[PDB]
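Two forms of a single protein chain come next, each set out by itself as structure tokens; they are called structure 1 and structure 2.
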Structure 1
């Protein structure tokens, strides 16, 4: 058995020659990446932006070190660290990790991918891509008067040593993500969320041998995408991926929900419940925001309707998806676990009704 994360597993991973990510990803300029563009062409595949020009992405120069991160963040903060060889979660202090990171003789391969710092002094040193902020649900529909706290999943600092490996997974809540390498290099293994691939992934996740079975071998194509320094990668909803730190690296990233692929976002969330993924603890109120969005998307439609216009395809599909989800969460035999997530500004029974007819119309009036 070849265990994920081990020196042996890495020998095989580094030797396989996967189909190039160039077969599917789109490379564009920071200026080309607009909400307008996405709403027409769709956001169904990874988008690569080689130069950060025009992304609105601001961050410390290529010399920003791991030592600086400890200063700006505070070596005291306890962080989640990954023992890659054992594919297990550990704990440490930003101080001890840096000490480990800088020692030339690393006795083990440890990785940091969950350090959220928007609540620290290192936050001012970073501004996320404008596109991410334009699409982000939290950026557009989160009321300043809710009881639920606003989620901080927009700024992560990643620091991994050579050969750190994150096994295949789908980002929490089915969120999209942006990724930038300050220095070093990351290698992404990307799998398209085809119905076949999603079923198989959920199967592989709920099987004991998951760690001895390379998921890349269970699908038709596993695209190798090399993210070199200065590059920014945008991974869309539901994409299954694994990442390998080919060399000591520091990168930044963030997660965001949007109106383009609501169907896939709802499918990935429901799957993550079925597998009881500890990751979902990062978007505790995914359902709360879904109600907020439904109210807004209902409005947009009510308008286009009362003025004789037909909505864009993705918007009907998306709203129709929210409809099923909201209705499922209200079932008498289930509402007891979803209830607390219903905002006090929304009338559950009523909203699901307004959605029902608005969808009824569009479907019939077409």
Structure 2
């Protein structure tokens, strides 16, 4: 009668859902949580020694650093192989690079001027900087709010996604362990936390997104509360990163627009305009084999450097390509949102993600689902407008049009089989597309 199979110091049966590491001495497996080993520490450990074996054999044999410019710091430091994104060398070169200032393109405003009316008239296609919090409708915890407070409200046991910046790889850690790492001024490595959405926590109550984001948001205006699909929550993110954290050039999921507020620290955004040329080069680079070794800021004509100091708020429009460097230990708040000002661009970005085979976890939850809802709503808003002697605004027309082309396409015989589980259970696809084309045709005639 053999003894039931158990592992680790806790002598528990295997649990394929928990992170484990193997002792090179006893050949047993251990829960990282039981022996104090984080998922990100695994790659640094060559041959692991559990606490028990270490007493007579010493601590784990760690891998040896031979360079400062590659994701694999063990590689010999000769001359072959270029500098990779996120490494110490990369950061040193980035800090000394010369960029045109973002002052050349962004718009500095007062919160009271940033309205829907203002964006419909001047458009929302260049980053907007709002230095003072006044009139934005943005509520945040006081400037004294610290990472320890985040733990206090969110709870130390929550599992968050962390990024090992020098490897440009991610893993999971408890908030408790992350705050513990952040509080020690002596960091063994650079770790960044960029996707801690807290709408579902006690912390959600301390934040109220900017009025302008709430006013324009698709989810805020067109997503039915009674829908069967789980409402997408990408409205409240808490960002924590130590000095030298770095996120490479990308375009927000679903072509969303974003707002960022630095509570303390300093962040530097490298902005690239979404011209057709830039978007093309971006998709090439994004899918290239040498991506990690090419600074995208060198593949375009202008890469603007935007310093966002604590207390400031930045809004970045649809499709803009940007990278971010954490200049100082930083805590920030931000959120994403879709709107009617640049539907075409939003759809363009969605399609690019499909081609690039972007993982489901890195996209706007129910993008097509919300696109149907919006179309259904805009059809009515368009009728009512004409049924009152009014000429719909050009951008809205061009937008609803772009949405028409997209919708029609998602139904094509060969395609329809995919964008199926996405179509909300209360809209008539064909009917909708038809009623749309009709109204578009009218405005395109009686105007």
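We call the rigid core the largest set of C-alpha positions that still match within 1.5 Å between the two forms. Residue numbers count along the first chain shown, from 1.
Rigid-core fit between the two structures: of 83, 279, 130, 116, the one residue whose Cα shifts 2 angstroms or more is 279.
Superposed on the core, the two forms differ at residue 303: its CA moves 2 Å or more between the two structures. Once the core is aligned between the two structures, the alpha carbon position of residue 251 differs by 0.3 Å; this is the C-alpha shift at that site.
Core-superposed comparison between the two structures: residue 361 shows a Cα shift of 2.2 Å.
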